[PDB]
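A.B. asks: Dropping the structure in here first, questions after.
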Amino acid sequence: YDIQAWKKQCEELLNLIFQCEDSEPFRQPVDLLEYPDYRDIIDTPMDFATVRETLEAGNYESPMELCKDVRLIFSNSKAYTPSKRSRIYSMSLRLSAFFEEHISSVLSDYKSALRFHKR
Ligand SMILES: Cc1ccc(OCC(=O)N2CC[NH+](C)CC2)cc1
């Protein structure tokens, strides 16, 4: 029933993701000196520090908005990878499975709490 519970649930999930070795390439923006053509392929860079900062600033209204930004991290990895067998893309696939496994109840609980609020 708690309409606000998603925020701490997302903070905790972000903490687990930061602790995970698979999040290393995604903890800060992609290095434009290392990948000089990055912005010719990727329109909207996104990373987990930006997600965490947006959440802490009180700039997400729902866990759906947070989930859209996290999914953008993974779609940017899929778009920039030169191959399906690349190291960073392989890490993003595992991290995405972990994120999706944990975010499902956060989204369901929030949507259920909002429906209860409007019963
Ligand atoms: C965001 C992104 C996504 C996929 C990439 O695929 C190539 C890769 O994973 N590497 C080749 C270059 N090494 C220095 C690191 C390993 C690279 C960057």
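Going letter by letter, the sequence shown gives residues 1316 to 1434 in full-length UniProt numbering. Even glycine gets a Cβ: it sits at the ideal position worked out from N, Cα and C.
#1: Going by the beta-carbon positions, is the gap between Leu1422 and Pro1378 smaller than 8 Å?
#2: Using a 10 Å radius around the Cβ and a threshold of 16 neighbouring Cβ atoms, would you call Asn1391 buried or exposed?
#3: By how many angstroms is the C-alpha of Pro1344 removed from the C-alpha of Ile1418?
#4: From the DSSP output, in three-state form, read off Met1361 for me.
#5: Pair every Cβ in the segment 1391 to 1403 with every Cβ in the segment 1366 to 1373, then say whether three or more of these pairs are closer than 8 Å.
#6: When the Cα atoms are used, what is the spatial distance from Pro1340 to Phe1431?
#7: Under 8 Å, do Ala1394 and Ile1357 count as touching if we go by C-beta distance?
#8: Could you pull out every residue in the same chain whose Cβ sits closer than 7 Å to the Cβ of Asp1337, ignoring the five residues on either side in sequence?
#9: Buried or exposed: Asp1352, going by 16 or more other Cβ atoms within 10 Å of its Cβ?
#10: Under the rule that 16 or more other beta-carbon atoms within 10 Å means buried, what is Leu1387, buried or exposed?
#11: Measure the C-alpha to C-alpha separation of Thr1365 and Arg1434 and round it to an integer number of angstroms.
C.D. replies: In brief:
#1: yes
#2: buried
#3: 22 Å
#4: coil
#5: no
#6: 39 Å
#7: yes
#8: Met1406, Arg1409, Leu1410
#9: exposed
#10: buried
#11: 35 Å
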